[PDB]
Structures are given as C-alpha cells and as structure tokens.
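S.K.: Top to bottom, those sequences are chains B and A. The deposited numbering applies: residue 237 is where the first sequence begins, and numbers increase by one. The deposited numbering applies: residue 230 is where the second sequence begins, and numbers increase by one.
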Amino acid sequence: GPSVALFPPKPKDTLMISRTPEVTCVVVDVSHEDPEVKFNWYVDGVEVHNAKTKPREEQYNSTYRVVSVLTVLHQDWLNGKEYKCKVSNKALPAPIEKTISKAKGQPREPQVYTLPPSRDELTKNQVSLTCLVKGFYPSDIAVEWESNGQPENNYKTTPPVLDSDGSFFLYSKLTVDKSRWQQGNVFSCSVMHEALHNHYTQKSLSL
Amino acid sequence: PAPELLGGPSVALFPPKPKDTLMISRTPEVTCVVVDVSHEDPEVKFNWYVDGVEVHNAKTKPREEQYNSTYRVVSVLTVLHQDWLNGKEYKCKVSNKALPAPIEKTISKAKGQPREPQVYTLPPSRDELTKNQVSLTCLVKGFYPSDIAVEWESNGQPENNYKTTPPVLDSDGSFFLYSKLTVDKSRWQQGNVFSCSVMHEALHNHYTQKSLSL
Ligand SMILES: *[C@@H]1O[C@H](COC2O[C@@H](C)[C@@H](O)[C@@H](O)[C@@H]2O)[C@@H](O[C@@H]2O[C@H](CO)[C@@H](O[C@@H]3O[C@H](CO[C@H]4O[C@H](CO)[C@@H](O)[C@H](O)[C@@H]4O[C@@H]4O[C@H](CO)[C@@H](O[C@@H]5O[C@H](CO)[C@H](O)[C@H](O)[C@H]5O)[C@H](O)[C@H]4NC(C)=O)[C@@H](O)[C@H](O[C@H]4O[C@H](CO)[C@@H](O)[C@H](O)[C@@H]4O[C@@H]4O[C@H](CO)[C@@H](O)[C@H](O)[C@H]4NC(C)=O)[C@@H]3O)[C@H](O)[C@H]2NC(C)=O)[C@H](O)[C@H]1NC(C)=O
Ligand SMILES: *[C@@H]1O[C@H](CO[C@@H]2O[C@@H](C)[C@@H](O)[C@@H](O)[C@@H]2O)[C@@H](O[C@@H]2O[C@H](CO)[C@@H](O[C@@H]3O[C@H](CO[C@H]4O[C@H](CO)[C@@H](O)[C@H](O)[C@@H]4O[C@@H]4O[C@H](CO)[C@@H](O[C@@H]5O[C@H](CO)[C@H](O)[C@H](O)[C@H]5O)[C@H](O)[C@H]4NC(C)=O)[C@@H](O)[C@H](O)[C@@H]3O)[C@H](O)[C@H]2NC(C)=O)[C@H](O)[C@H]1NC(C)=O
C-alpha cells in the first residue's frame, strides 16, 4: 500500500522573507492497479487550495511516486502552525494523514563566539578558525563563514548537539592558509536562527 | 502502539568502544543486537566467528520487551585487544524462526591509513566572560579512523560537565570533533588548569593530553 512522508521547509527559506519556504508531501508505493492519488492540505485544520501537485513518476521498481508541494507563509511556520497532508487513494480504506510543524518549545537565542587558532596550530600551513554557537532552541539553524563580503568554501560544521540544559550547540570550523590569517584578514561567522533579532547575527575574527 | 506488525528480525552489529580497545586494563566487547523479534517467536540463536573460526565465549542477555510487543535481544562477545587492533574480523550469525535464513553481519577495524589526531585547546571568547559559566573548547582534528575518546579533567580529577560532538568528515577525508567543557567562570579566573584527554589508535601510547588555563 501507499506510503506518505511529509517534509518541512529549509531553515534558510523560513528565516529570510525574500525566499519561498515549502512543505513537501511525498507519496510512494503507489500501485499500477491504483495509480490515482488525491491531496488535501490543511493549515491548522483550515483547508487551503494552492498546493502544486506534480504528475506521478514511475520508479525503477515499477511503483509510482507523487509529490505535492505547498508554499508556506514565513510567519505561519514560525508561529508554529500545523501543516497537514491528507492522501486519498482507492486502495486506502481511510486517507493517510501526516502533520508537521516547527519544533515546539520556548525558542532560545544562540550565543555566538569566534575562537582564534591555538598557538600550537600556528606551526602548520593551515589554521582552524572556530565558531561556537550555543544555547539555542530549536535545533534548526544555518551557520556560514565568509570573508570580504564573500562566502568561504573550506569550512565544516558539526550537527547540533543536545546540551545539558535542553538547548543545543554546535561548532563550525573554517580552515584557511595561515598566511591569510597572519596578514590580518577578517573572517566572519554568520548565524541565522528564529530567535535572533532579524533572524541574523555575525561575529568577526582576525589577528 | 501496543499491537505488533513486522517483516522479520533486524540485526545490528556494534564495535567495541575506543576507550576499551586502547587500554589493556579494560574489556572491549563486540555487541550483536537483534530488534523486531516477534512475541510469537522470541527465541534467538547466535553463532560467533573470528576470521571464520567459531568461538564460544559469548554471553547472551535476557530478552527485553519494548513498548511494542517486539523483544530486543543482545549478545556480547569480549574480544582480545590485539585481535581487534590487528584487523581480525568478527561475524555474528543470528538465527530465528521468522527468518527464511540466518542473518550474518561482520565487523572489524577500519582499514585505511590511521592518522594521528591534532589536539588544540581553545580558551573562552572574551565575549563569554560576561557570563556566569564559560566554555572550554577542545578541537581534535585530522584523525582517522573516527573511533576516538575525549575526556576532561583538572588536578587529577575528572571534569564531566562536557558534551562532545560526533566526528565530522573533513574535506581531506580525515575526521574532526569538538568537546565543550562548561565551568564556573570563577574557576577559570582562579587560574585552575584544565586538561583535555584524547585516546586514539594513532597516538603514541594511544594517549595524549593538552592543557588549558587563564
Ligand atoms: C521504489 O523506489 C522508490 C524510490 O527509489 C528508489 O529506487 C531506485 C530509483 C534507487 O536508485 C533509489 O533511488 C531508491 O531506492 C522507493 O521509495 C522510498 O520509500 C522509502 C520507504 O518509505 C522512503 O524512506 C523514507 O525516507 C525518509 C527520508 O526522506 C528523505 O530522505 C530520502 C533519503 O535521502 C530521500 O530519498 C527522500 O527524497 C527524502 O528527502 C527529502 O525530500 C524532501 C522532499 O523532496 C526535500 O525537501 C524539500 O526540498 C525542496 C528542494 O527543492 C525544498 O527545499 C523544500 O523546501 C523541501 O521541503 C528534502 O530536501 C530531502 N532531504 C534529504 C536529506 O534528502 C525518512 O524520513 C523515512 O524514515 C521514517 O519511517 C521509517 C519507516 O518507514 C522509520 O523506520 C524511520 O525511523 C522514520 O520514522 C519517523 O522517525 C522519526 C524519528 O526518527 C519520527 O520523527 C517520525 O514520527 C517517524 N515517522 C514515521 C511515519 O515512522 C523513510 O525511511 C524513501 O524516502 C523513498 N524514496 C524516495 C526517492 O521517495 C520505494 O521504496 C521502492 N519501492 C519498492 C517496493 O521497493
Ligand atoms: C519497536 O521498538 C524498538 C525499540 O525502540 C526504541 O524503543 C521504543 C519503545 C521507543 O521508545 C523508541 O523511541 C526507541 O528508540 C525498535 O528498535 C530500534 O530499531 C531501530 C531500527 O528500526 C534501530 O535503529 C537503528 O539505530 C542504529 C543506531 O542505534 C544505537 O544508538 C541509539 C541512539 O541513536 C540507541 O538508542 C540504541 O540503543 C543503540 O545504542 C548503541 O547500543 C550498543 C549496544 O547496546 C552500544 O555499544 C556498546 O556500548 C557499550 C557502552 O556501555 C560498550 O562501549 C560496548 O563495547 C559497545 O559495543 C552503543 O554504544 C550504543 N550507541 C549509542 C550512540 O548509544 C542505526 O545505526 C541504524 O541505522 C538504525 O537507525 C534502533 O537502534 C533500535 N533501538 C534499540 C534500542 O536497539 C523497533 O524498531 C520498533 N519496531 C517497530 C515496528 O516499531
């Protein structure tokens, strides 16, 4: 029988007004015998009718996949509204329903701290610039490193880790050639999170 | 979720913890875990092999009923430090009546060149000194394989108010992580010396420490 997964928008889409966040209902294991699928969408139980449902696509195991996509208002998602995908199929005695929303709980603002490389690291050709982001809830967050108004490529960020007070934390490591560091170039760790003013802050680091 | 649908047992085979393998005093175990075992058929049978030779030293623990009816069943095989670190292979064969055939899983040490971790302790940001508790960071990078243990201490005593990130794959194919120890600012300001302890197979004596203080 059909299976339904429901996917949330990307944090960067919800945190920036000029972008379009979307919720995505994906149905799989749709039969050749019953290929036809109907989507109803609700926002806090209020049905809405502007979802874009895509034509079904047979997968390489002879089963169909049907995707329906609902654009969401930023404020609605951030105010914790519930988004419900109801999936009707002749092979379903009752419609499948999945619901999602933002993580519930008192949102908490991240604290952002940039840490220079350890003196011990200075004897190598590349150094580590560290951005610690802690005390934030929910775990959804986007962290980016940039320099001279441009993104940096050689950085990796740990996934969020549940800290002892129920908030989350992570670290982002930027690797740069030591010479760029010694020369006094300025680096910035940018953070986006719902509980920040304007959903945004940045901290800078340099010698 | 008190009733029970299904489609055969599921087996996961876990390696010994880094700390048990890197210290001769401790006891490294390989653990074979079986979930989705049916109430109708709770009997599970394990066979263990080391490079194909059957061994009999394993100890299976009593079944564990989960919130669904399904049982969980665990078998634990203690391994020799040398065997694991020299790359001997451990097979767990799981037998059950809901299975059309025995499930086999194998595990062994990561092949691929070990790389020594670099350990860097990082003091709290100036900006964090406005707060009541401060963050002491230990960056451990450039290591392979990912199996690693990081702990904190001060003055001969463990310091356990920390969290450590999972290992993250870096862009050069090695791993890194960060460990954050939270201490009262007063203890930092008092000039107490804290120490990040790292255990990994590619380290001399499988052990190194880096200290951190005001
Ligand atoms: C026939 O083939 C089908 C397709 O493929 C294949 O065959 C060939 C082609 C192969 O080459 C290969 O491609 C395929 O094998 C098969 O389809 C399957 O069916 C699976 C089983 O149901 C299903 O697994 C679920 O996977 C989700 C995760 O999904 C996402 O990840 C997978 C893996 O990477 C992706 O494939 C998939 O596309 C999903 O990815 C996300 O898609 C979103 C929508 O597009 C993206 O978001 C949007 O992106 C746009 C971008 O333009 C925009 O940004 C929008 O804003 C945004 O919304 C998103 O970016 C993308 N993310 C990523 C990372 O890629 C899992 O979550 C599920 O796990 C849950 O259920 C299982 C049991 O079913 C359970 O064991 C788990 O524990 C999970 O349970 C939940 O648990 C959590 C906590 O753990 C709880 O919180 C929940 O309460 C609990 N809920 C439930 C209900 O239990 C599933 O494992 C596959 O995803 C699906 N594949 C595809 C392509 O659709 C099919 O099986 C085959 N049929 C047969 C008979 O063989
Ligand atoms: C029916 O319900 C069962 C039970 O599920 C859970 O129980 C129910 C009632 C709810 O409360 C659930 O929320 C709850 O999770 C369920 O069984 C689970 O099945 C899934 C597959 O569907 C298994 O998932 C996989 O997970 C793999 C990774 O799993 C480990 O890490 C998780 C944390 O993320 C733990 O929760 C697990 O218990 C497990 O822990 C590991 O355990 C091993 C051995 O015990 C440890 O190794 C040993 O550690 C000691 C330290 O004391 C020494 O160092 C030894 O040397 C060493 O060998 C290991 O350290 C530890 N790891 C950690 C991080 O703690 C993942 O890789 C797979 O991809 C997959 O996602 C899931 O693990 C399993 N749960 C358990 C507890 O086994 C059924 O699926 C349900 N069935 C249905 C139909 O609903």
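We treat Cβ as the ideally placed atom computed from N, Cα and C, and that holds for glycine.
#1: Just to confirm my understanding: we take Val-305 (chain B), look at its own chain, exclude 5 residues before and 5 after, and list those with CB closer than 6 Å. What are they?
#2: Identify the continuous beta strand (DSSP E) that holds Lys-248 (chain B) and give its terminal residues.
#3: Start and end of the beta strand (DSSP E) containing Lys-274 (chain B)?
#4: Does any heavy atom of ligand 2 sit closer than 8 Å to the C-beta of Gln-295 (chain A)?
#5: Could you check the C-alpha separation between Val-427 (chain A) and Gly-402 (chain A) for me, to the nearest Å?
#6: How would you write the range of the alpha helix (DSSP H) that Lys-414 (chain A) sits in, first residue to last?
#7: Suppose the cutoff is 8 Å on Cβ atoms and the five residues either side in sequence are ignored; what does the same chain contact list for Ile-253 (chain A) look like?
#8: Are the CB atoms of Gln-342 (chain A) and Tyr-373 (chain A) within a distance shorter than 9 Å?
#9: Among B:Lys-322, B:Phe-404, B:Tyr-391, B:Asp-376, which has the Cα closest to the Cα of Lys-246 (chain B)?
#10: Could you tell me the alpha carbon to alpha carbon distance between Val-240 (chain B) and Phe-405 (chain B), rounded to whole angstroms?
#11: What residues in the segment 349-367 of chain B bring their beta carbon closer than 7 Å to a beta carbon of chain A?
#12: If we ignore side chains and look at the alpha-carbon of each, how far apart do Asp-399 (chain B) and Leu-242 (chain B) end up?
#13: Applying a beta-carbon distance threshold of less than 7 Å, which residues of chain A neighbour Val-397 (chain B)?
#14: Helix, strand or coil for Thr-366 (chain B)? Go by DSSP, reduced to three states.
#15: Please name the residue, chosen from B:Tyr-300, B:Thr-366, B:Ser-337, B:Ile-332, that lies closest to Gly-316 (chain B) on a Cα-to-Cα basis.
#16: Measure the C-alpha to C-alpha separation of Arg-301 (chain B) and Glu-272 (chain B) and round it to an integer number of angstroms.
#17: Can you name, in chain order, every residue of its own chain whose Cβ lies under 6 Å from the Cβ of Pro-353 (chain A), other than the five neighbours on each side?
#18: Quickly, what does DSSP pair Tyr-296 (chain A) with across the bridge? List them, please.
#19: Between the alpha carbons of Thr-366 (chain B) and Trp-417 (chain B), how many angstroms are there, rounded?
#20: Quick check: what's the CA-CA separation for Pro-238 (chain A) versus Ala-330 (chain A)?
#21: Quick check: does the Cβ of residue 182 (chain A) come within less than 8 Å of any heavy atom belonging to ligand 1?
#22: Just reading off the alpha helix (DSSP H) that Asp-312 (chain A) is part of, what are its end residues?
#23: Between the segment 405-418 of chain A and chain B, which residues of the former have a C-beta closer than 9 Å to a C-beta of the latter?
#24: Starting from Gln-347 (chain B), trace the beta strand (DSSP E) both ways and give me its first and last residue.
#25: If you measure beta-carbon to beta-carbon, which residues of the segment 370-392 of chain B are closer than 8 Å to chain A?
#26: Within 9 Å (strictly less), CB to CB, does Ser-442 (chain A) reach chain B?
#27: Where do the ends of the beta strand (DSSP E) carrying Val-422 (chain B) lie?
#28: Name the one or two DSSP bridge partners that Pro-331 (chain B) has.
#29: Just to check my reading of the structure: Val-323 (chain B) and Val-379 (chain B) have Cβ atoms closer than 8 Å, yes? What is that Cβ distance to the nearest angstrom?
#30: Would the C-beta of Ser-304 (chain A) count as close to ligand 2, meaning under 8 Å from any of its heavy atoms?
#31: Residue range of the beta strand (DSSP E) that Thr-260 (chain A) falls in?
#32: Taking Cβ-Cβ distances shorter than 7 Å, what residues in chain B pair up with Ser-400 (chain A)?
#33: In or out: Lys-340 (chain B) buried (at least 16 other Cβ within 10 Å) or exposed?
#34: Do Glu-318 (chain B) and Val-266 (chain B) have their CB atoms nearer than 9 Å?
#35: Is the beta carbon of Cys-425 (chain B) closer than 9 Å to that of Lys-414 (chain B)?
M.R.: Put simply:
#1: Your numbering for residue 305 (chain B) matches position 69 in the first sequence. Excluding residues within five positions, the ones whose Cβ falls inside 6 Å are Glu-258, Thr-260, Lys-288.
#2: One-based indexing of the first sequence puts residue 248 (chain B) at position 12. Where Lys-248 (chain B) is concerned, there is no enclosing beta strand (DSSP E), although the alpha helix (DSSP H) around it starts and stops at 247-251.
#3: The residue you call residue 274 (chain B) lines up with position 38 of the first sequence. Run containing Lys-274 (chain B): 274-279, per the beta strand (DSSP E) assignment.
#4: Residue numbering aside, residue 295 (chain A) sits at position 66 when the second sequence is read from its first letter. Because some heavy atom of ligand 2 lies under 8 Å away, the Cβ of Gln-295 (chain A) counts as near it: yes.
#5: For the purposes of this step, residue 427 (chain A) is taken as the residue at position 198 of the second sequence. For the purposes of this step, residue 402 (chain A) is taken as the residue at position 173 of the second sequence. The straight-line gap from Cα to Cα measures roughly 20 Å.
#6: As a first step, residue 414 (chain A) must be located in the second sequence, where it is residue number 185. Start and end: 414-418.
#7: Residue numbering aside, residue 253 (chain A) sits at position 24 when the second sequence is read from its first letter. The answer, listed in chain order, is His-310.
#8: Within the second sequence, numbered from 1, the residue matching residue 373 (chain A) stands at position 144. Within the second sequence, numbered from 1, the residue matching residue 342 (chain A) stands at position 113. Yes, the pair counts as a contact, with Cβ atoms nearer than the cut-off.
#9: Taking the first sequence and counting its residues from 1, the one referred to as residue 246 (chain B) is at position 10. Cα-wise, what sits closest to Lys-246 (chain B) is B:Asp-376.
#10: Start at 1 with the first residue of the first sequence, and residue 240 (chain B) comes out as number 4. Start at 1 with the first residue of the first sequence, and residue 405 (chain B) comes out as number 169. Roughly 31 Å between the two C-alpha positions.
#11: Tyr-349, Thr-350, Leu-351, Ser-354, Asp-356, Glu-357, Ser-364, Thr-366
#12: Residue numbering aside, residue 399 (chain B) sits at position 163 when the first sequence is read from its first letter. Residue numbering aside, residue 242 (chain B) sits at position 6 when the first sequence is read from its first letter. Taking the straight line joining both Cα atoms gives about 28 Å.
#13: Taking the first sequence and counting its residues from 1, one reaches residue 397 (chain B) at position 161. Within 7 Å Cβ-Cβ: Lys-392, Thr-394.
#14: Indexing the first sequence from 1 puts residue 366 (chain B) at position 130. It is a strand residue.
#15: Taking the first residue of the first sequence as 1, we reach residue 316 (chain B) at position 80. Comparing Cα positions, the closest option is B:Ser-337.
#16: Translated into positions along the first sequence, residue 301 (chain B) becomes position 65. Translated into positions along the first sequence, residue 272 (chain B) becomes position 36. Spanning the two alpha carbons is a distance of roughly 11 Å.
#17: Position 124 of the second sequence, counting from 1, holds the residue named residue 353 (chain A). Excluding residues within five positions, the ones whose Cβ falls inside 6 Å are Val-363, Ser-364.
#18: Counting from 1 along the second sequence, the entry for residue 296 (chain A) is found at position 67. In the DSSP output, where bridge partners are listed per residue, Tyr-296 (chain A) has none listed.
#19: As a working mapping, residue 366 (chain B) is identified with position 130 in the first sequence. As a working mapping, residue 417 (chain B) is identified with position 181 in the first sequence. Here the alpha carbon of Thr-366 (chain B) sits roughly 13 Å from the alpha carbon of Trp-417 (chain B).
#20: In the second sequence, counting from the first residue as 1, residue 238 (chain A) sits at position 9. In the second sequence, counting from the first residue as 1, residue 330 (chain A) sits at position 101. Distance between the alpha carbons of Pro-238 (chain A) and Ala-330 (chain A): 11 Å.
#21: No answer is possible for residue 182 (chain A): the residues shown for chain A start at 230 and end at 443.
#22: Taking the first residue of the second sequence as 1, we reach residue 312 (chain A) at position 83. It spans 310-314 - the alpha helix (DSSP H) in which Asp-312 (chain A) sits, taken as one unbroken run.
#23: Result list: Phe-405, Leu-406, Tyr-407, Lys-409, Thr-411.
#24: Stepping through the first sequence from its first residue, residue 347 (chain B) is reached at position 111. For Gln-347 (chain B), the enclosing beta strand (DSSP E) begins and ends at 347-351.
#25: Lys-370, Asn-390, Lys-392
#26: The residue you call residue 442 (chain A) lines up with position 213 of the second sequence. No, no contact with chain B.
#27: For this step, residue 422 (chain B) is matched to residue 186 along the first sequence. That residue, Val-422 (chain B), is in no beta strand (DSSP E); it is neither H nor E in DSSP.
#28: Mapped onto the first sequence, residue 331 (chain B) falls at position 95. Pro-331 (chain B) pairs with nothing; no bridge assigned.
#29: Counting from 1 along the first sequence, the entry for residue 323 (chain B) is found at position 87. Counting from 1 along the first sequence, the entry for residue 379 (chain B) is found at position 143. Contact flag wrong, Cβ pair sits at about 35 Å.
#30: By 1-based counting over the second sequence, the position of residue 304 (chain A) is 75. No - ligand 2 has no heavy atom lying nearer than 8 Å to the Cβ of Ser-304 (chain A).
#31: For the purposes of this step, residue 260 (chain A) is taken as the residue at position 31 of the second sequence. 258-266 is the span of the beta strand (DSSP E), which, as asked, contains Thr-260 (chain A).
#32: The residue you call residue 400 (chain A) lines up with position 171 of the second sequence. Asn-390, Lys-392, listed in chain order.
#33: For this step, residue 340 (chain B) is matched to residue 104 along the first sequence. Exposed.
#34: Locating residue 318 (chain B) in the first sequence gives position 82, where the first residue counts as 1. Locating residue 266 (chain B) in the first sequence gives position 30, where the first residue counts as 1. Cβ atoms of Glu-318 (chain B) and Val-266 (chain B): not closer than 9 Å.
#35: As a working mapping, residue 414 (chain B) is identified with position 178 in the first sequence. As a working mapping, residue 425 (chain B) is identified with position 189 in the first sequence. For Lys-414 (chain B) and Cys-425 (chain B), no; Cβs fall outside 9 Å.
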